[PDB]
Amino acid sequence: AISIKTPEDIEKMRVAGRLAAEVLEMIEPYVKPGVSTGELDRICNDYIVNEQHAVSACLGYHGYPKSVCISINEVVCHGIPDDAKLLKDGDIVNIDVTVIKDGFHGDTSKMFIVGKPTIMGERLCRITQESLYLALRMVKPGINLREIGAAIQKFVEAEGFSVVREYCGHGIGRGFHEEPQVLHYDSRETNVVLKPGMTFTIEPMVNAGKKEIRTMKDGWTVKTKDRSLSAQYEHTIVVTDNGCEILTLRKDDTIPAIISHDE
C-alpha cells in the first residue's frame, strides 16, 4: 500500500528534498546565541516562500501554527517557534523542515549546537546521526524495514541512550506522511520489504535518558519525561535499483548522496 515513484516523480522529490536541505543550510549562520526561535521560523518561511517559491507543509498541518519545528534540548519534537525563547550557549537545537514544491514534499532535520558546545550533547547529536547513517547504509531493494529499526535501536542503547517509540519516519511523496511507517526499533509488528522507487524518511529520536516522553499543555511540545537531552536527524530518501539516494543531503553531511551496493 506504498506508492512507487516514477522517474518524473523521483526528480520532483530531488528538487523538493534539495530545497528542504537548503533551508537547513541557509539557516545555519543564524543559529546563534541570543536569537529567538520565532525569528528563525520567520527567516525559514520567508526563504521558502519568496526565494524557494515553495510552501511549508507544516503550517496548518493538524493545526500546527508555525512553518518549521524547532526543538531545544529536552524537547524531543514539535517544539513551537516562539519569539520569547532565546537560544543560549550550550543548547542542542533541532530544526525540522518540510517543504512542498510541485506537488512533492522534501522532509529533513538536523541538530545544531549553539555557541560553546557542551560535551554530552556533542555526543548525543553525533550518536543520533551515526544511527541515521547506519540505517541509510542498510537501505536497498529486498531488505526489510524491521532489520533497519532493530539495527538503529541496538546502536543507540549500546551507547547509554534510548530510542523514542511514539514517532516514526514515514513514506513521503505527494502526501506528507504516506505508507510505510518506519519505526526506529524492533517491533514484531513491522514487516515491510523494500523496493526500488519507494521514498520515505528515517528520523530517529534519541534520548540521553530513558525512552518515555511527555506532551505539554500547548498540545504540541513533546519533552522527555526524565528531562534529559533528546536529539533527532532526518533524511528523505528514494530506494534505488541497488541501494539508495538521499534526496535531502547537505554540504555538511558526511555520507554520500548515492549509496550503491553493486559491484
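The numbering used is simple: start at 1 and walk along the sequence shown.
Practice task
Averaging only over Cα atoms, indicate whether 217-225 or 203-211 has the higher B-factor in the PDB entry.
Solution key: Going by the record's values, the stretch with the higher mean is 217-225.
Handout entry: Given 106-114 and 179-187, the range whose Cα B-factors average higher in the PDB entry
Key = The recorded data point to 179-187.
Handout entry: Top residue by Cα temperature factor, when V76, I95, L145, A135 are compared in the entry
Key = Spelled out: the listed residue with the top C-alpha B-factor is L145.
Practice task
By the entry's C-alpha temperature factors, tell me which of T236, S56, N50, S230 sits highest.
Solution key: Most elevated C-alpha B-factor of the set, per the entry: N50.
Problem - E11 - Cα temperature factor, lowest/middle/highest third of chain - result: Middle third.
Practice task
Classify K154 as lowest, middle or highest third according to the C-alpha B-factor given in the PDB entry, relative to its own chain.
Solution key: According to the entry, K154 has a C-alpha B-factor in the chain's highest third.
Problem - Third of the chain, ranked by Cα B-factor, where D91 sits - result: It belongs to the middle third of the chain when residues are ordered by C-alpha B-factor.
Exercise for the section: Sort the modelled residues of this chain by their C-alpha B factor and say whether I259 lands in the lowest, middle or highest third. Expected result: According to the entry, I259 has a C-alpha B-factor in the chain's middle third.
Problem - Relative C-alpha B-factor of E245, binned into the chain's lowest, middle or highest third - result: Its C-alpha B-factor belongs to the middle third of this chain's values.
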